[PDB]
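Only one chain comes next, encoded as structure tokens, the form deposited in one PDB entry.
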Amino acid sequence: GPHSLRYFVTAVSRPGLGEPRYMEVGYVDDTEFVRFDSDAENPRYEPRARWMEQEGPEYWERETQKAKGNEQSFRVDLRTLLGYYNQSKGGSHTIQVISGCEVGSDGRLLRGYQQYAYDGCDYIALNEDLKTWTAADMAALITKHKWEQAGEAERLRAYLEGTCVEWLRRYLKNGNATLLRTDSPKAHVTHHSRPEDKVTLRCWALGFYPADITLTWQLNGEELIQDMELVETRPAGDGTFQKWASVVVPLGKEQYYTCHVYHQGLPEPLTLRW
């Protein structure tokens, strides 16, 4: 199936409390695999996935040097944006970036992307054509021009189509046992009483990987999507995810409702009842 290499970057200024905090967190699909935190006792790029032990010392030194270079670059960016927006030096501000590429099952690039945000709002983004930028405001229009004159889009395209793709393939290979596995979810239903002769039936799905899953409740064969409670799929601390979906039904009518779980680790979907 498709796979992706994504980096979530954050730069937050802490006026009065010293230098801003800088963080890089990398992901291959739903798995965190590398991280850098400027607040760390010893700021170094560190592995977050066991399979990353296959990379030599030179890998960690290079990535650490780049991250520190990025830290300095974003320190300046925070100052620059105060100018663009005419903001005072005393406030805390945030720059967020999501950068990455995705390859199909055969390892060829499907798409590459890069998007910036300032204080929680879109700032500038690379367009699907990987050649042009789109600014969310006049400030971003300043950056757009700078980048066009520096030929930045070409440099980024080189990375997205090259480095990003090749390293993504490499990570998928070295960590294939972890990244290409499939953990089948284990599901169960809980019952909770409520006032006015009604009950809450909750359908739980635990220990699955990849994170993609579909949990639905049905009555008369119709899926009750509109009348359904649900949490976003969440990591459970060991590389797997969980999710639950609930429905409040009339007391004594619980047996007319079934929970269905669809996941790639299930040849046939699970059907549960209380």
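Take the two forms, superpose them, and find the largest set of C-alpha atoms that agree within 1.5 Å; that set is the rigid core. When you see a residue number, it is the position in the sequence shown, counting from 1.
What comes next is about the form deposited with a partner chain bound, which is not displayed.
For the chain shown alone, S88 is not a contact residue for its partner chain in the bound PDB entry, no non-hydrogen atom being within 4.5 angstroms.
Not displayed here, its partner chain is kept clear of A177 by more than 4.5 Å at the level of heavy atoms in the bound PDB entry. Its partner chain in the bound PDB entry is not approached by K131, whose heavy atoms all lie more than 4.5 angstroms from it. Its partner chain in the bound PDB entry comes within 4.5 Å of a heavy atom belonging to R79.
Core-based superposition between this form and the one not shown leaves all of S38, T31, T233, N70 but one with CA shifts under 2 Å; the exception is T233.
Once both forms are fitted on their rigid core, the CA atom of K89 lies less than 2 Å apart between this form and the one not shown. After superposition on the rigid core, the Cα of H145 moves by less than 2 Å between this form and the one not shown. Once both forms are overlaid on the rigid core, the distance between the two CA positions of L17 between this form and the one not shown is under 2 angstroms.
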